[PDB]
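quick one, what's the 3D model for this:
(2 chains)
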Amino acid sequence: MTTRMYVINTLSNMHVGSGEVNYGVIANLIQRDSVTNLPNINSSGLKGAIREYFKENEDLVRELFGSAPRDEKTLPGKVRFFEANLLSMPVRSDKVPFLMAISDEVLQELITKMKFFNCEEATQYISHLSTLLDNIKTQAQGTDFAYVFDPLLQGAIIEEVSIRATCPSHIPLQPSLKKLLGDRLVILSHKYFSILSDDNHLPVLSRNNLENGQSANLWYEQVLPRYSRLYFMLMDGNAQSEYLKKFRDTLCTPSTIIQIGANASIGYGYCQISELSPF
RNA sequence: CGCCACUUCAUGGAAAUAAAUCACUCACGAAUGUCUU
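Numbering: from 1, shown residues only, chains lettered A, B, ... in the order given. Find the structure here:
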């Protein structure tokens, strides 16, 4: 009945359009945070996607998300949606197809956000993540780092930024932290993550428009890689317990897939919303 | 005039060389520029 953390875990490519005026080759760019330039989803897009999924359940939509745009009478929604910040991203590797890349700065920002928002299971996650971050800083000692926690993953190569994965044996990764951040997790410096998540390294796809075999238009598209993880905060205010429980159970159902992003018909931005499990 | 055979069985040179290494076209088009209480 308070602020809750949700994880997105996109199962496909995701393209949430900024609508910004492009200065380069990529016509369609993805939404990025103003301050940190990390990929993000606007709260309006999150609310739109979740309302689209639940649109059939009219009472739940009216109670939680509010009235329709054409409704003759307006009811404010009881649920407040926040921005979805990038948690982890898949990066190309050599021993494995990919690794889930996280940075120290995004971990610190997540800790600050949970402290500021006071999530449901905030305390244990804050304590364990703070201990992990302090151990990481103790082992790094001001140097650029890339730490794997699976012993088999030692010596892994991040392809885009040519760095090698080290294994600190005295830094334990708790199972809940693995469930939150992902499997085959790599913790590296935020400079490496910023380079990996910048415009020159995010996947760019060429697209065509053909009329009777003649190309009408050409443009390039930017997408967020599949299996990337994003987190947002949901504030319910104080909604009906039955509608809120229905919303949480439907969201956490393994068979529930939410479409966030532009290209729905060609399978862009299908995700599985998770809840912060108790530690 | 008679009688009678042995010997030798591939070396040297050339073992790739130039020309073209992407060209032209499309590089966003249409809708929405606020709407409902």
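
so how far is residue A:8 from the residue in the stretch 51-200 of chain A that RNA strand B sits nearest to?
For the stretch 51-200 of chain A and RNA strand B, the shortest gap (C-beta to the nearest atom of the strand) falls at residue A:74, measuring 4.1 Å. (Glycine included, C-beta is placed from N, CA and C.) Between residue A:74 and residue A:8 the computed distance is 29 Å (C-beta to C-beta, to the nearest Å).

need the residues of chain A near RNA strand B, please.
A:25, A:27-28, A:69-74, A:208-209, A:215-219 (C-beta under 7 Å from any atom of the strand).

could you identify the most distant pair in those?
A:73 and A:215 (49.7 Å; C-beta to C-beta).

neighbour count for these two, which is higher?
More crowded of residue A:73 and residue A:215, by other C-beta atoms under 10 Å: residue A:215, with 9 against 5.

I figured residue A:234 hits residue A:78, correct?
No. Taking contacts as C-beta atoms under 8 Å, residue A:234 lies outside contact range of residue A:78: 11.1 Å.

these two - which one has more neighbours?
Taking other C-beta under 10 Å, residue A:234 and residue A:78 do not tie; residue A:234 has more neighbours (24 against 18).

ok, the closest residue to the more buried one other than its chain neighbours - contacts?
Nearest residue to residue A:234, sequence neighbours excluded (C-beta to C-beta, 6 or more residues apart in numbering): residue A:4, at 5.1 Å. Listed by C-beta atoms under 8 Å, 6 or more residues apart in numbering, the contact partners of residue A:4 are A:119-120, A:233-236, A:275-276.

picking up where we left off before, identify the residues contacting the closest residue to the residue of the stretch 51-200 of chain A closest to RNA strand B other than its chain neighbours.
Of all residues not flanking residue A:74 in the chain, residue A:67 sits nearest, at 5.0 Å (C-beta to C-beta, 6+ apart). By C-beta under 8 Å, 6+ apart, residue A:67 lies in contact with A:73-75.

circling back: ok, the contacts of residue A:4 vs residue A:152, which is closest?
Distances from residue A:152 to the contacts of residue A:4, taken by C-beta to C-beta, are shortest for residue A:276, at 28.3 Å.

I'd say the closest one and residue A:125 touch.
Yes. Counting by C-beta under 8 Å, residue A:125 is a contact partner of residue A:276 at 7.2 Å.

comparing the two, which shows the higher neighbour count?
residue A:125 (22 against 19).

roughly how far does the more buried one sit from residue A:277?
10 Å.

so what sits against both of those two?
Common neighbours of residue A:125 and residue A:277 (C-beta under 8 Å, 6+ apart) are residue A:176.

where does residue A:133 sit: helix, strand or coil?
helix (DSSP: H, G, I helix; E, B strand; the rest coil).

so it sits against residue A:107, correct?
Yes. The criterion here is C-beta under 8 Å, and residue A:133 meets it with residue A:107 at 5.6 Å.

more neighbours: which of the two?
Set side by side, residue A:133 and residue A:107 show more neighbours around residue A:107, with 20 against 16, by other C-beta under 10 Å.

which secondary structure elements does the strand or helix carrying that one contact?
Using DSSP states H and E, residue A:107 falls within helix A:104-117. On a contact count with 3 or more C-beta pairs under 8 Å, 6 or more residues apart in numbering; DSSP states H and E, helix A:104-117 meets strand A:84-92, helix A:122-140, strand A:185-188, helix A:190-196, strand A:229-235.

let's go with 10 Å and repeat that
Helices and strands touching helix A:104-117, by 3 or more C-beta pairs under 10 Å, 6 or more residues apart in numbering; DSSP states H and E, are strand A:4-7, strand A:84-92, helix A:122-140, helix A:175-181, strand A:185-188, helix A:190-196, strand A:229-235.

cool, thanks, talk later.
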